[PDB]
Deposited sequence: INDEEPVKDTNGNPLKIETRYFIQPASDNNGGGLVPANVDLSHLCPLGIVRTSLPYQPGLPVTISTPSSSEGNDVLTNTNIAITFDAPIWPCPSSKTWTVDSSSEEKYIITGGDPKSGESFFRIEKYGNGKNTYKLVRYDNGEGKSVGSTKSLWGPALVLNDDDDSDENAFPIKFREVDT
């Protein structure tokens, strides 16, 4: 079934959305620790009115639940030599969700699933392993569990 935004409208591919915590402000690029600059991790900003860095969703025009999708940050500047596409830091113990994935490759595929109670609330799951958060340098950072509830706000 269709993934809905905060206005209850269906999510469209190639459309800009803030991924906002459903449970501070939105989700943003920040480095995971002082040992890694690139690629970047995804942290919840502690600043109350910051909407997040927008993302576009792509499918290998509706975004449906339980289907393979790829999340890519939308930014006019990017200081890392790799992509803005979310992926899993396989090497790390923490299993941080990091940038630099290939949006056409399976290493970058997540699934948007419904999350408990409230409407328009979702979780990211990787194939069942869900995306959660861990305390890190800049605040809560997205990690692959062995769930971090999110909403999608349309960028007006």
Q) Which ranges of the deposited chain go unmodelled, in order along the sequence? A) 1 to 4, 28 to 30, 68 to 72, 140 to 143, 163 to 169, 180
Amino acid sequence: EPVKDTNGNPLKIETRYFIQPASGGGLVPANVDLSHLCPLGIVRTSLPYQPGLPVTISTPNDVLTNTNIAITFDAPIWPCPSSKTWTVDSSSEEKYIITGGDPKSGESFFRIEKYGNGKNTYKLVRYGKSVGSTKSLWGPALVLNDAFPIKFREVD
From here on, numbers count along this sequence of modelled residues.
Q. When the C-alpha temperature factors are averaged for each of 88 to 96 and 29 to 37, which stretch ends up with the higher value in the entry?
A. 88 to 96
Q: Report the stretch with the higher mean CA temperature factor, choosing between 109 to 117 and 48 to 56 on the basis of the entry.
A: 109 to 117
(Q) Comparing recorded Cα B-factors across 13, 147, 142, 19, which one is largest? (A) 147
Q) Sorting the chain's CA B-factors, does residue 69 end up in the lowest, middle or highest third? A) middle
